[PDB]
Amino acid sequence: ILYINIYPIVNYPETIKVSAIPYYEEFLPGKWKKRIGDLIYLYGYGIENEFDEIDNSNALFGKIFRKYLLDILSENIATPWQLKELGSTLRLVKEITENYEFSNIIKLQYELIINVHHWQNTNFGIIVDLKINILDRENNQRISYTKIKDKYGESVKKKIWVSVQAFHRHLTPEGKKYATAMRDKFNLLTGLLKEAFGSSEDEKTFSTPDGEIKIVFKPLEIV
């Protein structure tokens, strides 16, 4: 039983309202709109009175829905997660607030990286990657292990790496290898994804102007 980091959208609007205008140079990309070739399509909360409807049998549907999906998710982020990047990709972050040695000088931050996967014409899912960013707490900037070693010394470097591995569940909280690591790492991913979208249940529905989007917070299974 193989589990993949893709969380399926099991319901979405089979029809969505879109507006098209010609692309123009001053266009600034943003929510509720997408450039497609030499048109910009408005959708979701960007729809003015003027509109056309497109269904999932149309190639345009997937090109729009892949972005609309992220736009909606971006409207449903729960504290303490924050939006870091929205566009073709959705990145959310939160600070690791549990204790670890050298937390006073080194800030750790989980980052969920959310992309949309589309396959067999009508299937959508979010592909979700988890990274931990390591920040120098005094200036809130990214800091490499080498720079930690130079600035705070070898001991801090080594300890941070163990803490990072423990927060990824690559090691036990005590810093040791364990047997059940890929199961627990998936549970962590699923649990953080649930938290980030305010979900206590293994599925959640999100409202859109076109109808509901339903996501199941359970990784796809290849048996």
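Residue numbers run from 1 along the displayed sequence.
If you average the C-alpha B-factors over 138-146 and over 74-82, the higher value belongs to 138-146.
Just going by the entry, 192-200 versus 150-158 on mean CA temperature factor gives the higher value to 150-158.
Of all the options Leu28, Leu69, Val164, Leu42, the entry's greatest CA B-factor is assigned to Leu28. Per-chain ranking of the deposited C-alpha B factor places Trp119 in the highest third. Per the deposited record, the Cα B-factor of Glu14 falls in the highest third when ranked against the other modelled residues of its chain. For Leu60, the recorded CA B-factor ranks within the middle third of the chain. Only modelled residues enter the ranking. In this PDB entry, the Cα temperature factor of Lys176 sits in the top third of its chain's modelled residues, the highest group. When all modelled residues of the chain are sorted by CA temperature factor, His170 is found within the middle third.
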